[PDB]
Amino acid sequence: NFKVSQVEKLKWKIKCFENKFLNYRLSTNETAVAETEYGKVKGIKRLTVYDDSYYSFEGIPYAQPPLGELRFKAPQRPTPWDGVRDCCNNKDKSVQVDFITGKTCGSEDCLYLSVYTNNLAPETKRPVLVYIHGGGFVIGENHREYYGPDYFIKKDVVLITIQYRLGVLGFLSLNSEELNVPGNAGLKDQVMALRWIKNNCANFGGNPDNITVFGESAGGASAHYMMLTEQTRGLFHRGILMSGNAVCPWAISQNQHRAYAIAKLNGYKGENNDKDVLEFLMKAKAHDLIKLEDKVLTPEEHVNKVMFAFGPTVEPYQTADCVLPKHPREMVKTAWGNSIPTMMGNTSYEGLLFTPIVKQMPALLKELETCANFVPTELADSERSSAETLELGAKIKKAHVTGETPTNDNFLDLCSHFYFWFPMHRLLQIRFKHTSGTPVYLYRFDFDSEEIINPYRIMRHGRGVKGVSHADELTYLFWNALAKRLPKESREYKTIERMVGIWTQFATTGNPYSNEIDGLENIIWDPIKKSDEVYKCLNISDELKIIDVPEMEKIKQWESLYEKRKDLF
């Protein structure tokens, strides 16, 4: 359980205070009004520490605030307004537990997006990049102390960052059709945001016919869901799936029974009926429900590796706004998004995100004696004790346990594959088997530095830790409160320009290669082919190089877990 040190709690609060005052010194006196389909909005011109400038519109509503009876329901469109709406400050984040301070924060009034561009009257209609933040569908925000546009606005693009409901408030699911809480409200928020963007980005200089959706972690799962569902057919034109996709095990769960589990932890003393449970939850104070989300999972769900109590789900009945009518495994076979250019990737040591989990409870290391608990659920029996499942675990232990005694690095390496690399492989192959989908480009983020970091490093106790962890690449695409100005010839600065260059180039043309990017001149970067038995990727380190994916040999061993049930792979 991610407990951040008290020494680090003080440091973070100091940095955020300094950051508030930097932001004062970066804001100009210049403002701008733009149109939206609901009314005018006013934005403010801001500087970056590199002395570029950009127009900044935050807190643009794309839905009605989901208060009162609208709680747990699919989003509804907002009420139009006259006059100019002030969008010079951020709005609240979705209700959550702050991953640093451990206190509940945020507000139910969180359905907002931010729009940023260096020029409101450009000489072209620019590619629109839409970022969906990660955080397990339970934490995160679009605040600029985490997701600053300062690097992207160096290019002639439009960056849009969105919020969506998190946790139980975004993902309650009830079987009773009469209650109209089918689930995935948080993904339906993203759908309504994407429709707003198609319909309004032109008012900020963007190209409605050239929109790129990208996200990291649960945000990449979200971006993939947005490429899978029929609700969004045709709404955008490129996807970038960073360190996560919709067939990741942690990104979906049948959580319809957990509504009663969370209500009873909050004091509900009624029977287990959907109508009675919902009535209680509609009256509950929002921060009470979200603080207890931690303890909703059962033991049996924990050992089965269910990460979150509430999150995306297969909806139990059809509604007009339904996002997931079938399992994502099946939706991939006819997804409209298979026909748009796609880039995916991971970092070179994804599993580093779990370092305090295995430091806190070293009893976790015993799980690598048999590896029974990492056998995927569809291949395992109920109690994970049948000899076939132990034979599968030995295959997992062969792949990751280096010596005769399991170590912490072994555990983390296994996490990289179980949570990220293997579901990527499975996604790519099920596309080839069932679709005419367009070839996909692979990158591998492998630039390690601590000169500049991002707040997710605090969460994983990454201070002093070598290796390129899950979410370390965000440092090189987004400004954040821990960042600083860097010398132009430094390795960190060149990595920023390379990452922003590749992401922007892919958004522009659907092809992430350009010889005009420093380090790519004599390089040829091909997408993946059906017949490829070993994946090639762009390994982004101090040098840019096309290499066989180093994870490929371990990926092939995870696939061998399915050779007696190839229909489930």
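Numbering starts at 1 and runs along the sequence shown.
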523 to 531 versus 505 to 513 - which carries the larger mean C-alpha B factor in the record: 523 to 531
Which of 381 to 389 and 302 to 310 has higher mean CA B factor, as the PDB entry lists it: 381 to 389
Residue of maximum C-alpha B factor among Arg238, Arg463, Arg144, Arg498, per deposited coordinates: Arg463
Residue with highest C-alpha B-factor in the PDB entry, from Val332, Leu482, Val296, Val158: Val296
B-factor third for the C-alpha atom of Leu544 within its chain: highest
Cα B factor band for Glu30 (lowest, middle or highest third within the chain): middle
CA B-factor ranking of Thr342, expressed as a third of its chain: lowest
Chain third (lowest, middle, highest) by recorded CA B-factor, residue given as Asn266: highest
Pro406 by Cα B-factor - lowest, middle or highest third of the modelled chain: highest
